[PDB]
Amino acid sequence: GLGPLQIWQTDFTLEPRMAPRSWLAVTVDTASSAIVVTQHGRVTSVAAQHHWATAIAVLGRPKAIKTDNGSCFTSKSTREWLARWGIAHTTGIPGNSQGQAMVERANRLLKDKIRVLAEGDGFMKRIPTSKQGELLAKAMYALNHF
């Protein structure tokens, strides 16, 4: 077809309202603008692979994934994981000055939606650990479906 190329942009971003699993892994599929987000306790190579396992289940396997040069994305372990799946990986140009403003915008929209929803439910600070999962799933829903 002449349709979009299946390229994802992935990034992690800190959200203290979701502590203790405050690191949010966010993937924007650039062909559809669909967002996938998962929560993690630490920013490591394995949290990035667990996030991509879930995004693959939800959006299918991409042709390539663009990330920055965080070490969780360029370690040995993460390059071998992406090679086992046959997914090409680029961190773009060095000083590329971000060829990944989609996931950057997605991160701000996501944090804002989480703040609005949680305050609507009366949580002005950290969201109680047991309510976190349904709220994060409600923020993902709101940003993806109309």
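Under this definition, the rigid core comprises the largest set of C-alpha atoms superposing within 1.5 Å between the forms. Just count from 1 along the sequence shown to find any residue number.
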| item | value |
| --- | --- |
| Between stretches 99-107 and 22-30, more displaced by Cα RMS in 6 other deposited structures of this protein (rigid core superposition) | 99-107 |
| Higher-deviation stretch (C-alpha RMS, rigid core fit) in 6 other deposited structures of this protein, choosing from 84-92 and 34-42 | 84-92 |
| Between the two ranges 122-130 and 10-18, the one averaging a larger CA B factor in the entry | 122-130 |
| 47-55 set against 82-90, stretch whose average Cα temperature factor tops the other in the entry | 82-90 |
| Criterion, highest CA B-factor; candidates, 38, 107, 27, 67 | 107 |
| Ranked C-alpha temperature factor of residue 142 among modelled chain residues, by third | middle |
